[PDB]
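Here's the structure we're looking at; comments come further down.
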Amino acid sequence: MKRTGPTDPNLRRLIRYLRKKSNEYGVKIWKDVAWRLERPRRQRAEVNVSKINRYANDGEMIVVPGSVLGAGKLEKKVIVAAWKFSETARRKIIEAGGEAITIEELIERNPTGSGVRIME
Amino acid sequence: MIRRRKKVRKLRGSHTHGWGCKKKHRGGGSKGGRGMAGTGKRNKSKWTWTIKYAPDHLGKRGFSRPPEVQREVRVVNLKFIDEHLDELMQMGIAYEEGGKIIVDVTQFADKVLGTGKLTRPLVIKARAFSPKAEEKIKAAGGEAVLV
Amino acid sequence: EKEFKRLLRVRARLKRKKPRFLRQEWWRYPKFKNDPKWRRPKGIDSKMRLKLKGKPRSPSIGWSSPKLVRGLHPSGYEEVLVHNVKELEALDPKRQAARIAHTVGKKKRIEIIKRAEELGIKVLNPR
RNA sequence: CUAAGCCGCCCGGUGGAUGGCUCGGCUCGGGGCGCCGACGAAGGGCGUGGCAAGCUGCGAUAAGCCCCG
RNA sequence: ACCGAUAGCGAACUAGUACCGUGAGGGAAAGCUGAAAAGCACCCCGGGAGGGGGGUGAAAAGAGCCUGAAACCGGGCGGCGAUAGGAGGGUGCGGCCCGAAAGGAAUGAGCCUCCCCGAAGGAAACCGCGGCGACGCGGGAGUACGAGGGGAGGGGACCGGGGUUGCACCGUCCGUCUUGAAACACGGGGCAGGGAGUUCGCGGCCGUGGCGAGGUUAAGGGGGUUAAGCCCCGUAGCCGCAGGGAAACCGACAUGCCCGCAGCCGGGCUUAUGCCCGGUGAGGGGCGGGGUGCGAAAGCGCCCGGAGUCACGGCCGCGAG
RNA sequence: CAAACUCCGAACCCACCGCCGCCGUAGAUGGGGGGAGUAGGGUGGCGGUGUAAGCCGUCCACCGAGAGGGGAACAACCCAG
RNA sequence: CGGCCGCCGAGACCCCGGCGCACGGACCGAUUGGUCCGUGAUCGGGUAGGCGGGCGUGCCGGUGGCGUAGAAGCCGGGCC
């Protein structure tokens, strides 16, 4: 059956802006994140602070094309950008010393997206 | 949020509604038996389906003790003991009472299993323990007391 | 304007050559002759369904007008249905033509026509 | 200036579709109210209007009689 | 967020009435003038029913009364019409007829004349030669012409469209089972209305949205309100968080390794996208290790490194007509 | 002389390798999920059977589910999708 | 019967203009949408059946309107 795509106008605008930014800066990170975001809602990626702790490094930038959940513990200092955060997840990210930002803020801080790691 | 129309509205005008020949879709004979009919006991129309998709459909298995006599034992993991140790402070399940940290697991869970890791030392007052759970706690530094 | 005129002529020729698509046996019964329509023949032995030579043709995607001039009035303007002076006010005289709705009375038609003529707007039914 | 006959438009007859209307139906959470009869019930027959056939209402006091508001 | 007189109760009305059967019992059809009857005074004719004048009314809406369709019938008008054959039609045009509006058009139609470019394709006169012959080869020549694309002048009202019919060619109706339908196979006098994947329960999926190691309330309670809408609470319960076993019962990776797609980093070719190589690599795959059942053991089955739950819509499965 | 014989024995078919050709990063091969319909086939060549018609299989070419141009019309034949 | 020389003849093949579909790309619109460009000899018949878009009808919550200077309905005709 047809994939109608996200119903959220904010998410659709974010996807369009992501593709435009990729074209502007001549990279592939943002287009990759865009086609990952437009995944079917029954397959959207959700990641846990446990996985972030397992595979991240201090002072590193992570992009989650989906949701970040707060099951486990985080001990690294990391800057994570994701579509949505749970209350526990964001609290743990902040208490670990990192920051929980949005994809728009991630682009604004790092237009070229150098050193950013995708997690699903 | 996504709303659509039923397939009948599109099928209006197809003369069969996607059921094949006009002679199909009649009744019990079309279904080959009403309900679970013909699953193998007396008639074997759906025996081929039974022997693959629903094994053990026909037959008996062991017994089961009455629900009354069965005893229920709540079980927790040392991974949870550490992960949710902060929450127990609010409800008082854990407290300081001196230098050490005392957690009474008698109001939730009875036996402690040994899956995960222990990070901070503590004393848990439980009634049952697992070999790996007690080994993990002793290695970490805490203690296991059989309250 | 060169391509616009060429495609307008192409559409005129195409829609003059196109037939009137009517269901099978429309002429045979009053119930169908009084209410002309096209219905797809779905019979197992329907000659029109088989598309035999010597039988009425069926609509196809190839009969569509060129995209640039599709849906335009034969005069070349874009039709806009208008029900009042305020609606007429939001029109482009250079490219669009106002068609007064069949339901508006002559009293309001008078002001609609006056406003159109003082704004230099083409009206397809000026009465 | 074609006899019969066929197609198309106009007018006319036949017919009662369509549109509009609606004191009638149907379904409902909540609310009200729920028995009558030997002190003769329900149901029915027959009568009753100046002209009165049906329905409705009444009962030889018969589309009615009396009293307090 | 029910139907709107073939609908909705069988009954919108003198309907459980008329009427059918000995009886048990069965059971219809049928709404509408107009603001006001102002419901047609008087005159001619007819045996009468009625007809024609003349009145009323914004309008006969004239009681056979709102609107007044289709089938059918009578008349008028346009076309055909007694030597002509095919399911009643298709393609192309020619007679005769209608063409105010909504289509083009005097800011110029049909039409006539002239000039330029031109795809695929493509002659002939004339001259030379080959063949017994039909004919062919070389020059003419890729010339004349060619779908269509442009420009200029003349004239001054039709072109588009419609009804019928004429000619040339083609065309054996519609729905259906069937290998096979024009069928000497079944269903098909005409018109108008009505008419056939609906509701609940459970289960599998998908499209989207909320929360997320948690998700969600049911019965019910409080506030407010014209109201059943609206706001808040309500943890009982259900599913998930730990699997294995008939049961007793026991009770696990918050990563120890190897490959590796996307992505990121360094280098080279490359105008740029792009290509190759090397590293790291979420997700994904292969090992290792662990829990439990059977086993003397080996070893096997299932499971273990956290994603579920609720809601709206849709497809299907089983039971109810 | 041999379908129920073989001292011999093709055309041909099958499995695997290397290469050419073709497809594939605009995502193939492959894997998981949702929904079906189909359990009467016919003509045409070949094999067994039958006097023949026919009956039963095999080949996937055409009709079934396929226009247009022809064989006078023709389901299957020829050109052609 | 053995050969040859011209011509006629399809929706096939070639060319011009147009439509849609498949794939990739760039832009705008506050939900399934819209415009344009590029490739197609290797896209365009179709029964059972699968998927996508669109047309039409009654009622409701909104939004913008029409009508006694004439609504719905009905007969004939023009345009898309």
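Each chain of the structure tokens is named A, B, ... in the order shown, its residues numbered from 1; ligands are numbered from 1 in display order.
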For this session: Please return, as a PyMOL selection string, all residues of chain C lying within 9 Å of chain E when only C-alpha atoms (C1' of nucleotides) are considered.
Result: chain C and resi 16+24-25+27-31+34+43-46+52-57+74-75+124-125
Next, the residues of the selection above should be written as a PDB file, in the first residue's frame with C-alpha atoms.
```
ATOM      1  CA  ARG C  16     -12.338  18.729 -33.585  1.00  0.00           C
ATOM      2  CA  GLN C  24     -22.370   0.598 -26.335  1.00  0.00           C
ATOM      3  CA  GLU C  25     -25.891   0.414 -27.773  1.00  0.00           C
ATOM      4  CA  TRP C  27     -28.785   4.595 -29.743  1.00  0.00           C
ATOM      5  CA  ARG C  28     -30.844   1.418 -29.332  1.00  0.00           C
ATOM      6  CA  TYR C  29     -32.853   2.283 -26.208  1.00  0.00           C
ATOM      7  CA  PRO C  30     -34.519   5.508 -25.024  1.00  0.00           C
ATOM      8  CA  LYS C  31     -33.167   4.963 -21.506  1.00  0.00           C
ATOM      9  CA  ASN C  34     -32.063  10.371 -23.365  1.00  0.00           C
ATOM     10  CA  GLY C  43     -18.800  -8.114 -21.372  1.00  0.00           C
ATOM     11  CA  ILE C  44     -17.007 -11.322 -22.235  1.00  0.00           C
ATOM     12  CA  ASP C  45     -18.194 -11.051 -25.860  1.00  0.00           C
ATOM     13  CA  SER C  46     -18.394  -7.260 -26.138  1.00  0.00           C
ATOM     14  CA  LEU C  52     -12.801  -4.460 -33.294  1.00  0.00           C
ATOM     15  CA  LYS C  53     -12.588  -2.269 -36.373  1.00  0.00           C
ATOM     16  CA  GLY C  54     -15.980  -0.900 -37.351  1.00  0.00           C
ATOM     17  CA  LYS C  55     -17.179  -0.258 -33.785  1.00  0.00           C
ATOM     18  CA  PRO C  56     -17.187   2.917 -31.676  1.00  0.00           C
ATOM     19  CA  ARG C  57     -13.834   3.757 -30.120  1.00  0.00           C
ATOM     20  CA  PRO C  74     -11.157  28.773 -27.061  1.00  0.00           C
ATOM     21  CA  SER C  75     -10.429  32.515 -27.016  1.00  0.00           C
ATOM     22  CA  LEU C 124     -17.763  35.845 -21.666  1.00  0.00           C
ATOM     23  CA  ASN C 125     -21.496  36.299 -20.904  1.00  0.00           C
TER      24      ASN C 125
END
```
Problem set entry | Contact residues around residue 23 of chain G with only C-alpha atoms (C1' of nucleotides) at 10 Å, ignoring same-chain residues under 3 positions, as a ChimeraX atom specification | /F:26 /G:39-40
Kindly save the residues from that selection, with N, CA, C and O atoms (P, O5', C5', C4', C3', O3' and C1' of nucleotides) included, as a PDB file, in the first residue's frame.
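Everything below was put into part-v1.pdb:
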```pdb
ATOM      1  P     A F  26      22.398   4.187  -7.504  1.00  0.00           P
ATOM      2  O5'   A F  26      20.956   4.134  -8.175  1.00  0.00           O
ATOM      3  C5'   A F  26      19.821   3.683  -7.444  1.00  0.00           C
ATOM      4  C4'   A F  26      18.606   3.565  -8.331  1.00  0.00           C
ATOM      5  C3'   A F  26      18.689   2.475  -9.394  1.00  0.00           C
ATOM      6  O3'   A F  26      17.386   1.962  -9.668  1.00  0.00           O
ATOM      7  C1'   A F  26      18.500   4.576 -10.446  1.00  0.00           C
TER       8        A F  26
ATOM      9  P     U G  39      17.443  13.546 -22.820  1.00  0.00           P
ATOM     10  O5'   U G  39      17.433  12.066 -22.232  1.00  0.00           O
ATOM     11  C5'   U G  39      18.648  11.398 -21.932  1.00  0.00           C
ATOM     12  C4'   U G  39      18.402  10.024 -21.361  1.00  0.00           C
ATOM     13  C3'   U G  39      17.473   9.123 -22.158  1.00  0.00           C
ATOM     14  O3'   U G  39      18.099   8.514 -23.270  1.00  0.00           O
ATOM     15  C1'   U G  39      16.866   9.044 -19.886  1.00  0.00           C
ATOM     16  P     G G  40      17.230   8.145 -24.567  1.00  0.00           P
ATOM     17  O5'   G G  40      16.153   7.109 -24.021  1.00  0.00           O
ATOM     18  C5'   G G  40      16.548   5.829 -23.557  1.00  0.00           C
ATOM     19  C4'   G G  40      15.366   4.908 -23.395  1.00  0.00           C
ATOM     20  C3'   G G  40      14.333   4.951 -24.505  1.00  0.00           C
ATOM     21  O3'   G G  40      14.726   4.199 -25.638  1.00  0.00           O
ATOM     22  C1'   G G  40      13.249   4.974 -22.399  1.00  0.00           C
TER      23        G G  40
END
```
Problem set entry | Atom pair atom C1' of residue 31 of chain F / atom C1' of residue 262 of chain E: separation (Å) |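 Interatomic distance, atom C1' of residue 31 of chain F to atom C1' of residue 262 of chain E: 19.4 Å.
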Problem set entry | At most 9 Å to chain B: residues in chain E, only C-alpha atoms (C1' of nucleotides), as number ranges by chain | E: 197, 207-209, 246-247, 251-254, 312-315, 318-319
Exercise. Which value, in Å to one decimal, gives the distance between atom CA of residue 76 of chain C and atom CA of residue 122 of chain C?
Worked result: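 Result for atom CA of residue 76 of chain C versus atom CA of residue 122 of chain C: 11.5 Å, one decimal.
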Enumerate, as an mmCIF file with C-alpha atoms, in the first residue's frame, the complete set of residues in chain A that a backbone-based DSSP assignment places in strand (DSSP E).
```cif
data_model
loop_
_atom_site.group_PDB
_atom_site.id
_atom_site.type_symbol
_atom_site.label_atom_id
_atom_site.label_comp_id
_atom_site.auth_asym_id
_atom_site.auth_seq_id
_atom_site.Cartn_x
_atom_site.Cartn_y
_atom_site.Cartn_z
ATOM 1 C CA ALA A 45 14.578 4.237 14.517
ATOM 2 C CA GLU A 46 14.704 4.537 18.304
ATOM 3 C CA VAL A 47 18.055 4.597 20.103
ATOM 4 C CA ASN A 48 18.981 4.321 23.771
ATOM 5 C CA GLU A 60 31.432 13.788 19.710
ATOM 6 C CA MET A 61 28.387 14.708 17.631
ATOM 7 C CA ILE A 62 25.668 12.089 17.094
ATOM 8 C CA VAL A 63 22.581 12.292 14.878
ATOM 9 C CA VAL A 64 19.586 10.002 15.447
ATOM 10 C CA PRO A 65 17.015 10.082 12.591
ATOM 11 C CA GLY A 66 14.271 9.251 15.068
ATOM 12 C CA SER A 67 13.757 9.117 18.834
ATOM 13 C CA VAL A 68 16.194 8.804 21.740
ATOM 14 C CA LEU A 69 15.067 6.813 24.777
ATOM 15 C CA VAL A 78 28.291 13.801 23.823
ATOM 16 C CA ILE A 79 26.218 16.205 21.728
ATOM 17 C CA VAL A 80 23.183 14.323 20.392
ATOM 18 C CA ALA A 81 20.669 15.676 17.873
ATOM 19 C CA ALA A 82 17.416 13.791 17.328
ATOM 20 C CA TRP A 83 13.834 14.429 16.282
ATOM 21 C CA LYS A 84 12.493 13.847 19.802
ATOM 22 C CA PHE A 85 13.778 13.038 23.281
ATOM 23 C CA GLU A 99 23.551 18.618 25.317
ATOM 24 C CA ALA A 100 20.344 17.455 23.625
ATOM 25 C CA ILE A 101 19.754 19.601 20.537
ATOM 26 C CA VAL A 116 28.931 13.473 12.893
ATOM 27 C CA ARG A 117 27.932 9.851 13.502
ATOM 28 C CA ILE A 118 24.560 8.465 12.429
#
```
Exercise. Using only C-alpha atoms (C1' of nucleotides), which chain F residues lie at most 9 Å away from chain C, written as number ranges by chain?
Worked result: F: 66-68
Dump as a PDB file, in the first residue's frame, selection limited to N, CA, C and O atoms (P, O5', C5', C4', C3', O3' and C1' of nucleotides):
```
ATOM      1  P     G F  66      -8.704  -9.884 -24.107  1.00  0.00           P
ATOM      2  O5'   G F  66      -8.277  -9.461 -25.574  1.00  0.00           O
ATOM      3  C5'   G F  66      -8.159 -10.430 -26.605  1.00  0.00           C
ATOM      4  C4'   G F  66      -7.353  -9.890 -27.753  1.00  0.00           C
ATOM      5  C3'   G F  66      -7.396 -10.717 -29.040  1.00  0.00           C
ATOM      6  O3'   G F  66      -7.368  -9.844 -30.167  1.00  0.00           O
ATOM      7  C1'   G F  66      -5.174 -10.449 -28.354  1.00  0.00           C
ATOM      8  P     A F  67      -7.948 -10.308 -31.591  1.00  0.00           P
ATOM      9  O5'   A F  67      -8.161  -8.934 -32.362  1.00  0.00           O
ATOM     10  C5'   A F  67      -9.015  -7.937 -31.824  1.00  0.00           C
ATOM     11  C4'   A F  67      -8.410  -6.560 -31.921  1.00  0.00           C
ATOM     12  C3'   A F  67      -8.061  -6.076 -33.316  1.00  0.00           C
ATOM     13  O3'   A F  67      -9.187  -5.601 -34.032  1.00  0.00           O
ATOM     14  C1'   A F  67      -6.265  -5.614 -31.853  1.00  0.00           C
ATOM     15  P     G F  68      -9.541  -6.197 -35.482  1.00  0.00           P
ATOM     16  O5'   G F  68      -8.460  -5.537 -36.442  1.00  0.00           O
ATOM     17  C5'   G F  68      -8.296  -4.129 -36.497  1.00  0.00           C
ATOM     18  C4'   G F  68      -6.973  -3.758 -37.113  1.00  0.00           C
ATOM     19  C3'   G F  68      -6.675  -4.393 -38.461  1.00  0.00           C
ATOM     20  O3'   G F  68      -7.280  -3.703 -39.540  1.00  0.00           O
ATOM     21  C1'   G F  68      -4.809  -4.658 -37.042  1.00  0.00           C
TER      22        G F  68
END
```
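Here the question is which of F:44, F:64, F:9, F:32 gets nearest to residue 48 of chain G using only C-alpha atoms (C1' of nucleotides), and that residue is F:64.
Note that the spacing between atom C1' of residue 42 of chain F and atom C1' of residue 47 of chain G amounts to 16.1 Å.
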For this session: Identify every residue of chain G that has at least one atom within 7 Å of any atom of chain A, counting only C-alpha atoms (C1' of nucleotides), and report the result as an NGL selection string.
Result: :G and (30-32)
Write out as a PDB file with N, CA and C atoms (P, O5', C5', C4', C3', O3' and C1' of nucleotides), in the first residue's frame every residue belonging to chain F that has an atom at most 10 Å from any atom of chain B, counting only C-alpha atoms (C1' of nucleotides).
```
ATOM      1  P     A F  36      -7.305 -12.612   0.688  1.00  0.00           P
ATOM      2  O5'   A F  36      -6.374 -13.458  -0.284  1.00  0.00           O
ATOM      3  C5'   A F  36      -6.921 -14.186  -1.373  1.00  0.00           C
ATOM      4  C4'   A F  36      -6.947 -13.354  -2.628  1.00  0.00           C
ATOM      5  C3'   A F  36      -7.434 -14.058  -3.883  1.00  0.00           C
ATOM      6  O3'   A F  36      -8.847 -14.098  -3.968  1.00  0.00           O
ATOM      7  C1'   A F  36      -5.458 -12.842  -4.359  1.00  0.00           C
ATOM      8  P     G F  37      -9.624 -15.501  -4.000  1.00  0.00           P
ATOM      9  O5'   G F  37      -9.583 -15.928  -5.532  1.00  0.00           O
ATOM     10  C5'   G F  37     -10.154 -15.105  -6.537  1.00  0.00           C
ATOM     11  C4'   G F  37      -9.458 -15.293  -7.860  1.00  0.00           C
ATOM     12  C3'   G F  37      -9.402 -16.719  -8.385  1.00  0.00           C
ATOM     13  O3'   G F  37     -10.582 -17.102  -9.066  1.00  0.00           O
ATOM     14  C1'   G F  37      -7.255 -15.748  -8.517  1.00  0.00           C
ATOM     15  P     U F  38     -11.035 -18.641  -9.101  1.00  0.00           P
ATOM     16  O5'   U F  38      -9.787 -19.400  -9.735  1.00  0.00           O
ATOM     17  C5'   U F  38      -9.473 -19.272 -11.113  1.00  0.00           C
ATOM     18  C4'   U F  38      -8.260 -20.089 -11.475  1.00  0.00           C
ATOM     19  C3'   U F  38      -8.359 -21.581 -11.208  1.00  0.00           C
ATOM     20  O3'   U F  38      -9.026 -22.271 -12.251  1.00  0.00           O
ATOM     21  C1'   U F  38      -6.282 -20.752 -10.411  1.00  0.00           C
TER      22        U F  38
END
```
Could you please tell me, as a PDB file with N, CA, C and O atoms (P, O5', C5', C4', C3', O3' and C1' of nucleotides), in the first residue's frame, which residues of chain E have an atom within 9 Å of chain A when using only C-alpha atoms (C1' of nucleotides)?
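Saved as result-v3.pdb:
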```pdb
ATOM      1  P     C E 206       3.585  -5.043   9.634  1.00  0.00           P
ATOM      2  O5'   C E 206       3.333  -3.619   8.975  1.00  0.00           O
ATOM      3  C5'   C E 206       3.619  -3.397   7.604  1.00  0.00           C
ATOM      4  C4'   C E 206       2.407  -2.892   6.866  1.00  0.00           C
ATOM      5  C3'   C E 206       2.165  -1.398   6.940  1.00  0.00           C
ATOM      6  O3'   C E 206       2.984  -0.671   6.043  1.00  0.00           O
ATOM      7  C1'   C E 206       0.123  -2.590   7.211  1.00  0.00           C
ATOM      8  P     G E 207       3.803   0.613   6.548  1.00  0.00           P
ATOM      9  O5'   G E 207       2.742   1.797   6.487  1.00  0.00           O
ATOM     10  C5'   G E 207       2.387   2.397   5.249  1.00  0.00           C
ATOM     11  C4'   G E 207       1.443   3.555   5.446  1.00  0.00           C
ATOM     12  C3'   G E 207       1.819   4.543   6.539  1.00  0.00           C
ATOM     13  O3'   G E 207       2.791   5.485   6.129  1.00  0.00           O
ATOM     14  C1'   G E 207      -0.460   3.969   6.751  1.00  0.00           C
ATOM     15  P     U E 208       3.886   6.009   7.178  1.00  0.00           P
ATOM     16  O5'   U E 208       3.035   6.818   8.251  1.00  0.00           O
ATOM     17  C5'   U E 208       2.559   8.118   7.951  1.00  0.00           C
ATOM     18  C4'   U E 208       1.493   8.580   8.912  1.00  0.00           C
ATOM     19  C3'   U E 208       1.951   8.983  10.300  1.00  0.00           C
ATOM     20  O3'   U E 208       2.560  10.260  10.344  1.00  0.00           O
ATOM     21  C1'   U E 208      -0.005   7.672  10.464  1.00  0.00           C
ATOM     22  P     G E 209       3.693  10.574  11.436  1.00  0.00           P
ATOM     23  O5'   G E 209       2.887  10.698  12.805  1.00  0.00           O
ATOM     24  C5'   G E 209       2.070  11.827  13.061  1.00  0.00           C
ATOM     25  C4'   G E 209       1.278  11.676  14.335  1.00  0.00           C
ATOM     26  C3'   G E 209       2.072  11.421  15.603  1.00  0.00           C
ATOM     27  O3'   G E 209       2.687  12.584  16.126  1.00  0.00           O
ATOM     28  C1'   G E 209       0.201   9.982  15.540  1.00  0.00           C
ATOM     29  P     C E 211       5.027  12.775  22.594  1.00  0.00           P
ATOM     30  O5'   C E 211       5.179  11.662  23.720  1.00  0.00           O
ATOM     31  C5'   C E 211       4.588  11.839  24.998  1.00  0.00           C
ATOM     32  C4'   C E 211       4.499  10.539  25.755  1.00  0.00           C
ATOM     33  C3'   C E 211       5.812   9.826  26.032  1.00  0.00           C
ATOM     34  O3'   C E 211       6.524  10.369  27.127  1.00  0.00           O
ATOM     35  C1'   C E 211       4.228   8.270  25.241  1.00  0.00           C
ATOM     36  P     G E 212       8.129  10.332  27.139  1.00  0.00           P
ATOM     37  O5'   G E 212       8.486   8.781  27.077  1.00  0.00           O
ATOM     38  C5'   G E 212       8.223   7.925  28.177  1.00  0.00           C
ATOM     39  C4'   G E 212       8.431   6.474  27.817  1.00  0.00           C
ATOM     40  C3'   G E 212       9.861   6.062  27.505  1.00  0.00           C
ATOM     41  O3'   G E 212      10.602   5.785  28.681  1.00  0.00           O
ATOM     42  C1'   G E 212       8.394   5.206  25.845  1.00  0.00           C
ATOM     43  P     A E 213      12.207   5.768  28.664  1.00  0.00           P
ATOM     44  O5'   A E 213      12.578   4.220  28.734  1.00  0.00           O
ATOM     45  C5'   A E 213      12.911   3.592  29.970  1.00  0.00           C
ATOM     46  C4'   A E 213      11.744   2.825  30.541  1.00  0.00           C
ATOM     47  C3'   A E 213      12.049   2.018  31.801  1.00  0.00           C
ATOM     48  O3'   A E 213      10.907   2.010  32.657  1.00  0.00           O
ATOM     49  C1'   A E 213      11.273   0.568  30.117  1.00  0.00           C
ATOM     50  P     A E 254      26.492  -7.437  30.459  1.00  0.00           P
ATOM     51  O5'   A E 254      25.269  -6.535  29.980  1.00  0.00           O
ATOM     52  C5'   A E 254      25.157  -6.096  28.635  1.00  0.00           C
ATOM     53  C4'   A E 254      24.791  -4.635  28.550  1.00  0.00           C
ATOM     54  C3'   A E 254      25.904  -3.646  28.860  1.00  0.00           C
ATOM     55  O3'   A E 254      26.760  -3.419  27.754  1.00  0.00           O
ATOM     56  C1'   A E 254      23.942  -3.023  30.025  1.00  0.00           C
ATOM     57  P     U E 255      28.294  -2.997  27.978  1.00  0.00           P
ATOM     58  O5'   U E 255      29.096  -4.369  27.879  1.00  0.00           O
ATOM     59  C5'   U E 255      28.503  -5.513  27.275  1.00  0.00           C
ATOM     60  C4'   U E 255      29.497  -6.342  26.499  1.00  0.00           C
ATOM     61  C3'   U E 255      30.688  -5.582  25.927  1.00  0.00           C
ATOM     62  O3'   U E 255      31.804  -6.466  25.831  1.00  0.00           O
ATOM     63  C1'   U E 255      29.418  -6.475  24.158  1.00  0.00           C
ATOM     64  P     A E 262      28.795   1.847   1.107  1.00  0.00           P
ATOM     65  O5'   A E 262      27.840   2.892   1.836  1.00  0.00           O
ATOM     66  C5'   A E 262      26.570   3.213   1.289  1.00  0.00           C
ATOM     67  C4'   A E 262      25.647   3.812   2.319  1.00  0.00           C
ATOM     68  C3'   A E 262      26.073   5.145   2.913  1.00  0.00           C
ATOM     69  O3'   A E 262      25.767   6.243   2.074  1.00  0.00           O
ATOM     70  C1'   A E 262      25.358   3.696   4.641  1.00  0.00           C
ATOM     71  P     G E 263      26.883   7.350   1.744  1.00  0.00           P
ATOM     72  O5'   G E 263      27.267   7.949   3.167  1.00  0.00           O
ATOM     73  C5'   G E 263      26.360   8.785   3.864  1.00  0.00           C
ATOM     74  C4'   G E 263      26.765   8.977   5.304  1.00  0.00           C
ATOM     75  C3'   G E 263      28.106   9.645   5.548  1.00  0.00           C
ATOM     76  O3'   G E 263      28.058  11.053   5.399  1.00  0.00           O
ATOM     77  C1'   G E 263      27.877   7.772   6.974  1.00  0.00           C
ATOM     78  P     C E 264      29.310  11.843   4.776  1.00  0.00           P
ATOM     79  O5'   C E 264      30.416  11.785   5.921  1.00  0.00           O
ATOM     80  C5'   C E 264      30.215  12.442   7.165  1.00  0.00           C
ATOM     81  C4'   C E 264      31.316  12.117   8.144  1.00  0.00           C
ATOM     82  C3'   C E 264      32.734  12.376   7.659  1.00  0.00           C
ATOM     83  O3'   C E 264      33.121  13.731   7.790  1.00  0.00           O
ATOM     84  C1'   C E 264      32.616  10.225   8.625  1.00  0.00           C
ATOM     85  P     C E 265      34.202  14.362   6.786  1.00  0.00           P
ATOM     86  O5'   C E 265      35.571  13.666   7.208  1.00  0.00           O
ATOM     87  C5'   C E 265      36.149  13.913   8.480  1.00  0.00           C
ATOM     88  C4'   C E 265      37.397  13.096   8.700  1.00  0.00           C
ATOM     89  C3'   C E 265      38.464  13.180   7.620  1.00  0.00           C
ATOM     90  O3'   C E 265      39.253  14.355   7.692  1.00  0.00           O
ATOM     91  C1'   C E 265      38.129  10.926   8.198  1.00  0.00           C
ATOM     92  P     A E 282      29.225  -0.470  14.316  1.00  0.00           P
ATOM     93  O5'   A E 282      27.843  -0.066  14.992  1.00  0.00           O
ATOM     94  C5'   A E 282      27.784   0.970  15.960  1.00  0.00           C
ATOM     95  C4'   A E 282      26.533   1.798  15.816  1.00  0.00           C
ATOM     96  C3'   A E 282      25.264   1.039  15.463  1.00  0.00           C
ATOM     97  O3'   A E 282      24.674   0.381  16.569  1.00  0.00           O
ATOM     98  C1'   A E 282      25.439   2.941  14.086  1.00  0.00           C
ATOM     99  P     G E 283      24.428  -1.206  16.519  1.00  0.00           P
ATOM    100  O5'   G E 283      23.422  -1.404  15.302  1.00  0.00           O
ATOM    101  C5'   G E 283      22.095  -0.910  15.372  1.00  0.00           C
ATOM    102  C4'   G E 283      21.425  -0.899  14.022  1.00  0.00           C
ATOM    103  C3'   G E 283      21.257  -2.244  13.335  1.00  0.00           C
ATOM    104  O3'   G E 283      20.179  -3.010  13.840  1.00  0.00           O
ATOM    105  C1'   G E 283      22.078  -0.681  11.782  1.00  0.00           C
ATOM    106  P     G E 306      19.852  -4.970  23.855  1.00  0.00           P
ATOM    107  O5'   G E 306      18.461  -5.744  23.951  1.00  0.00           O
ATOM    108  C5'   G E 306      17.802  -5.912  25.197  1.00  0.00           C
ATOM    109  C4'   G E 306      16.549  -5.080  25.286  1.00  0.00           C
ATOM    110  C3'   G E 306      16.379  -4.025  24.197  1.00  0.00           C
ATOM    111  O3'   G E 306      15.710  -4.548  23.060  1.00  0.00           O
ATOM    112  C1'   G E 306      16.149  -3.016  26.327  1.00  0.00           C
ATOM    113  P     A E 307      15.592  -3.703  21.700  1.00  0.00           P
ATOM    114  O5'   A E 307      14.039  -3.361  21.585  1.00  0.00           O
ATOM    115  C5'   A E 307      13.053  -4.390  21.530  1.00  0.00           C
ATOM    116  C4'   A E 307      11.664  -3.841  21.750  1.00  0.00           C
ATOM    117  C3'   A E 307      11.106  -3.008  20.599  1.00  0.00           C
ATOM    118  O3'   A E 307       9.679  -3.068  20.605  1.00  0.00           O
ATOM    119  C1'   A E 307      11.301  -1.651  22.498  1.00  0.00           C
TER     120        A E 307
END
```
Could the residues of chain G that have an atom at most 10 Å from chain C be listed as a Markdown table, each with its closest atom pair and the distance in Å to one decimal, counting only C-alpha atoms (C1' of nucleotides) and ordered by chain and ascending residue number?
```
| residue | atom | partner | partner_atom | distance |
| --- | --- | --- | --- | --- |
| G:17 | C1' | C:10 | CA | 8.3 |
| G:18 | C1' | C:66 | CA | 6.1 |
| G:19 | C1' | C:62 | CA | 4.6 |
| G:20 | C1' | C:61 | CA | 6.1 |
| G:44 | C1' | C:61 | CA | 9.8 |
| G:45 | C1' | C:50 | CA | 9.7 |
| G:46 | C1' | C:50 | CA | 9.4 |
| G:47 | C1' | C:44 | CA | 8.1 |
| G:65 | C1' | C:83 | CA | 7.5 |
| G:66 | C1' | C:104 | CA | 6.1 |
| G:67 | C1' | C:104 | CA | 7.4 |
| G:69 | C1' | C:107 | CA | 5.0 |
| G:70 | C1' | C:105 | CA | 7.5 |
| G:71 | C1' | C:103 | CA | 8.2 |
| G:79 | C1' | C:73 | CA | 7.4 |
| G:80 | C1' | C:71 | CA | 5.7 |
```
